[PDB]
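To start, the structure under review is shown below, and the notes come after it.
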Amino acid sequence: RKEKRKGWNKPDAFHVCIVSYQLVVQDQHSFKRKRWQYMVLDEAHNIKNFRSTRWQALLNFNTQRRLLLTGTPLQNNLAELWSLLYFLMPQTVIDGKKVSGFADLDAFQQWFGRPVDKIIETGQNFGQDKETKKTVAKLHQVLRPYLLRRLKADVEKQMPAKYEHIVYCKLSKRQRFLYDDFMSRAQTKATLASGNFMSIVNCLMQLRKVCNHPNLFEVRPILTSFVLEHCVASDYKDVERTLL
Amino acid sequence: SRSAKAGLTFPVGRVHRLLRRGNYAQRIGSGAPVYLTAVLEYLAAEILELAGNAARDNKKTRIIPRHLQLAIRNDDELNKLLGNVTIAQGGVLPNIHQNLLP
Amino acid sequence: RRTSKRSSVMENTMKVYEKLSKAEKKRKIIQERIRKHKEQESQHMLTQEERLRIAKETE
Amino acid sequence: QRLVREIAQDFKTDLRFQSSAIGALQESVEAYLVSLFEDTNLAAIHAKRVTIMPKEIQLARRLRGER
Amino acid sequence: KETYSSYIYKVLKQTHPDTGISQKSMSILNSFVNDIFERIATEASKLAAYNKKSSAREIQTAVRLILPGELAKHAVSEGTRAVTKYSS
Amino acid sequence: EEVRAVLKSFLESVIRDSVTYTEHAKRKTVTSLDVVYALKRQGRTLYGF
DNA sequence: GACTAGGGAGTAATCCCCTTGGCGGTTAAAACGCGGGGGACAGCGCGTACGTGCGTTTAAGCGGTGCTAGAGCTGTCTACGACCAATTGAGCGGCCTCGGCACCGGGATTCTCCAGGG
DNA sequence: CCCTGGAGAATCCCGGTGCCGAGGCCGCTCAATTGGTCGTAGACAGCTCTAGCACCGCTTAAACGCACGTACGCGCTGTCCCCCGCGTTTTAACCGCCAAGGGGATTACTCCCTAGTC
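Taken in order, these protein sequences are the chains called H, V, R, B, S and Y.
Per the working numbering, the first sequence starts with residue 12, numbered consecutively.
Per the working numbering, the second sequence starts with residue 149, numbered consecutively.
Per the working numbering, the third sequence starts with residue 2, numbered consecutively.
Per the working numbering, the fourth sequence starts with residue 8, numbered consecutively.
Per the working numbering, the fifth sequence starts with residue 4, numbered consecutively.
Per the working numbering, the sixth sequence starts with residue 12, numbered consecutively.
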């Protein structure tokens, strides 16, 4: 890596550098120096939260043009969208007085936000579209300047379709024993007093048992006899030898 | 003040209160209770000058703890005075045996 | 003793520091001229045809 | 930290160590060890030897009467 | 709590007007000053117990065997000059 | 092996002295300042804490 | 004298930020193994520098002496230090910078190895 | 026999940008000065007394030279064994992912505490 940074400061050494998400933070000291004309974030959803050091190590990065590519902005909250807008937008510029911030993570809660995940998560009544259309239209208008999405409707002349199929699998006898034991133990522990604390491990190991079944704790073993080893011959060997 | 009238700068009264609390004697010597502060001031001036010189040697404006380390360790008299006490984040003078070299 | 052993050490090490500062200045100017020579020997004015020539060779 | 906890749990539980304390003993032990090692280096360069063996370490430990 | 940072700072400033300090070095100096003070002060206490009785001669003599003589004569001389300055 | 023995003979002794000191201080916790007392009585004092 | 009106506390619902565990991904430090070579050490020879026996003297202990100047205790006083608080300023508790420190790159400079001939 | 041109590679060093904290600035703040007392402990002789300075003549006990002599620290020889530099692998912390409580604040309903006049 150092040998590849040998001609790093040469003005005409290279034009494009490809770097992983786990190496920008590792070598942010050596990356924050060079002036980058363009920066692109592939799979932009890899950064979605405002708590990670991944976003912070790139917020103050010295670049003027930023582009984020993602398959689809998704998950439960729009905080991911707000963080993405901040990352493309960032107000913190060397001048520091233009105050060109998009909108605060809390200031975006008034502008749609809480109504969006309120109505959307209650999509049964979302067909009313009396006040829901207001927030949806506001989000569409506010995202139109920076958005570009095209589904498979643009290319359909030669496109094989997707056929979703769900396969149901039964439960084996000993794995059923394992599942019942674990699930009854978890329901007796979590619902009342317990040890230190344990509530997500129940679901996780239940998932493990449903997924794999007869492993992750024990296998069918290679049966062999017990090896009781004290014996009694050596106790009386001395007495016998003395006698004869 | 008392230090100003004495030409000193260390707070003498704080040391007087410390010695009164320590009760090393019922009636401490009040003829010159800042004298024990004066000798410490002289020693502090010595060590501060040596530390400042050491920091100036390696082009660093601020007193590096290592700079103070070599400042105290270089002086044989200082080593005799304080040699059984270590310093946090200190160091060791580069001492390579001549006969060790190939 | 002599009230000047520490002061003599001061004098020696401050002469050393003055020599170090002189070395600092001369190395500053020598790398300034090094950078000047590098700029003169560096590539200038890629323009269009030359940049496309280097681009097609790299291609 | 693992070694400190292992050697300290043999006395009392809920010790609640403060990381500054373990840093202090860490600095103390490294300083003592480097002093020891330079002393045994001197004790070895005494003899026509440049490789350190238990004899020098034992001699250095016994000479100062640590225990 | 009364820290001693101001006094050491001004001593450094009157002996080096452009040299800074580090936070670790501040604690280093504070501990050095404190433990030297305690060491010489208990030495003075044992020197008071030395004489079959309950000043400045005790402290001068105590600094006279605790630290190397070369700096010890300067210490006692400057202490005496300080008490002469403070006398009137 | 011998260096590991030096740790096993050096760390634990100052650990015992430190814990009995902080017990003598009636403090149900250990602070960095408690190590300094042990270092002072062991003949190897450390500055900075 | 009977009942009326309004607002902060009592009761309560919302939010929502804050973390407990587990698990996967990925880099760095630790862990393990080989060719070969330089460090450890035996075997030995010797010389010369002490290990030792005996003559021939200066010197500490011996044996005692005649005192002589410094050390311990007896009054005695008096200069001074440990006893309240008003103070009021020397200095610390909390915050806000821009600068020296952190640290890496291009280059000059320098430190080291070899297979040959010189 | 042994010296080195070339090459590989570590060093010294100053640009050269980002960061966080050392030092300055602000707001209390509590402890050293200072008036006095009053009585405590050490300086100032003073009488005393007690060990040492130098002196004398002995007494062989140590001290030193001389000669033998002899064996050990050191330096020569050789081998051998074992630890390092480098190449390949595996624990080892660290940071992201998720769905659920805990709780702390935060605000809404309301309900009693408060207080006015026909």
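Just so you know, even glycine gets a beta-carbon here, dropped at the ideal spot from N, CA and C.
If we call anything under 9 Å between Cβ atoms a contact, is Y/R52 one with V/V233?
-> No, the Cβ-Cβ distance between Y/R52 and V/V233 is not below 9 Å.
Assigned exposure category for H/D38 - 16 Cβ within 10 Å defines buried = Result: exposed.
List the whole-angstrom C-beta distance separating S/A78 from V/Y172, where the pair is believed to meet the contact cut-off of C-beta under 8 Å.
-> No, S/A78 and V/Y172 are not in contact; Cβ-Cβ is about 20 Å, not under 8 Å.
Is H/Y247 buried or exposed, if buried means 16 or more other CB atoms sit within 10 Å of its CB?
-> So H/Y247 counts as exposed.
Contact between the stretch 192-207 of chain V and the stretch 42-53 of chain S: three or more CB pairs below 8 Å?
-> Taking 8 Å as the limit for Cβ pairs, the verdict is that the stretch 42-53 of chain S does not touch the stretch 192-207 of chain V.
For H/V166: DSSP bridge partner residues | BP columns for H/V166 are empty, so no partner.
Identify each residue in the stretch 28-52 of chain B for which the Cβ-Cβ distance to at least one residue of chain V is less than 7 Å, and report them in chain order.
-> For the stretch 28-52 of chain B, the residues whose beta carbon sits under 7 Å from a beta carbon of chain V are, in order, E34, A38, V41 and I52.
Please list the residues of the stretch 38-66 of chain S that have a C-beta atom closer than 8 Å to any C-beta atom in chain R, keeping them in chain order.
-> Closer than 8 Å at the C-beta level to chain R, one finds no residue of the stretch 38-66 of chain S.
Applying a beta-carbon distance threshold of less than 9 Å, which residues of chain Y neighbour S/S30?
-> The CB of S/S30 comes closer than 9 Å to the CB of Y58, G59 and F60 in chain Y, given here in chain order.
Opposing strand residues paired with H/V250 [DSSP bridges] = Beta-bridge pairing links H/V250 to no other residue.
Interface residues of chain V around R/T14 at Cβ under 9 Å?
-> Residues of chain V passing the Cβ test: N201, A202, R204 and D205.
Quick one: what's got a C-beta closer than 7 Å to S/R67's C-beta in the same chain, skipping five residues either side?
-> For S/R67, where only same-chain residues beyond five positions count, the Cβ hits under 7 Å are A75 and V79.
Which bits of chain S does V/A219 rub up against, with CB to CB less than 8 Å?
-> Going along chain S, no residue has its Cβ under 8 Å from V/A219, so there is no contact; the nearest lies around 11 Å.
Could you give the distance in angstroms between the alpha-carbon of H/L159 and the alpha-carbon of H/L80?
-> A direct Cα-to-Cα measurement between H/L159 and H/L80 gives close to 10 Å.
Which residue's Cα is closest to the Cα of H/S195: H/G206, H/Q217, H/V250 and H/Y174?
-> Out of H/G206, H/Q217, H/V250 and H/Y174, H/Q217 has the C-alpha closest to the C-alpha of H/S195.
For a contact meaning CB atoms closer than 7 Å, what does S/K16 contact in chain Y?
-> Those within 7 Å of S/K16 in chain Y number zero; the least Cβ separation is about 22 Å.
Cβ shell of H/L78 (< 6 Å), same chain only, five flanking positions each side left out = Closer than 6 Å at Cβ, skipping near neighbours: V51.
Unbroken alpha helix (DSSP H) runs of length 4 or more, entirely within the stretch 208-237 of chain V: which are they?
-> Secondary structure within the stretch 208-237 of chain V: the alpha helix (DSSP H) runs of 4 or more consecutive residues, fully enclosed, are 213-222 and 224-229 (chain order).
Would a C-beta distance cut-off of 9 Å place S/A85 and V/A180 closer than the cut-off?
-> Yes.
In chain V, which residues lie with their C-beta within 8 Å of the C-beta of S/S25?
-> The answer, in chain order, is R210, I211, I212 and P213.
Applying the criterion that 16 or more other CB atoms from any shown protein chain within 10 Å of the CB defines a buried residue, is H/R252 buried or exposed?
-> Classification for H/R252: exposed.
Range of the contiguous beta strand (DSSP E) that encloses H/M50 = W47 to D53 is the span of the beta strand (DSSP E), which, as asked, contains H/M50.
Can you say whether H/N71 is buried or exposed, counting buried as having 16 or more other CB atoms within 10 angstroms of its CB?
-> Residue environment for H/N71: exposed (fewer than 16 other C-beta atoms within 10 angstroms of its C-beta).
Inter-residue spacing [alpha-carbon to alpha-carbon] between H/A114 and H/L95 | Each residue's alpha carbon lies about 12 Å from the other.
Closer than 7 Å by beta-carbon distance: list the chain V residues that pair up with Y/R55, in chain order.
-> The contacting residues are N232 and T234.
Closer than 7 Å by C-beta to H/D53: which residues in its own chain qualify, once you throw out the five before and the five after it? Chain order, please.
-> Answer for H/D53: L80, listed in chain order.
Answer with buried or exposed for V/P213, where buried requires no fewer than 16 other C-beta atoms within 10 angstroms of its C-beta.
-> Looking at its Cβ environment, which holds 16 or more other Cβ atoms inside 10 Å, V/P213 is buried.
Simplified DSSP state of B/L49, which is helix, strand or coil | Residue state, collapsed to three classes: helix.
Expressed to the nearest angstrom, what Euclidean distance is found between the alpha-carbon atoms of V/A193 and S/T83?
-> If you draw a straight line from the Cα of V/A193 to the Cα of S/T83, it comes to about 17 Å.
Confirm, please, whether the CB-CB distance from V/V182 to S/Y12 is below 9 Å.
-> No, these two residues do not count as a Cβ contact at 9 Å.
Just how far apart, CA to CA, sit R/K16 and V/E197?
-> For R/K16 and V/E197, the distance between alpha carbons rounds to 16 Å.
What's the C-alpha gap between R/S9 and H/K21?
-> So the two alpha carbons sit approximately 48 Å from each other.
Quick one: which chain Y residues come within Cβ less than 7 Å of B/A15?
-> By Cβ distance, chain Y contributes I26.
Taking B/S35 as the reference, give the member of Y/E12, Y/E13 and Y/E23 with the closest Cα.
-> Nearest option by C-alpha distance: Y/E23.
Say whether chain Y places a C-beta atom closer than 9 Å to the C-beta of V/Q246.
-> Not an interface residue.
What whole-angstrom Cβ distance do V/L216 and S/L70 have, given they're in contact under 8 Å?
-> No, V/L216 and S/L70 are not in contact; Cβ-Cβ is about 18 Å, not under 8 Å.
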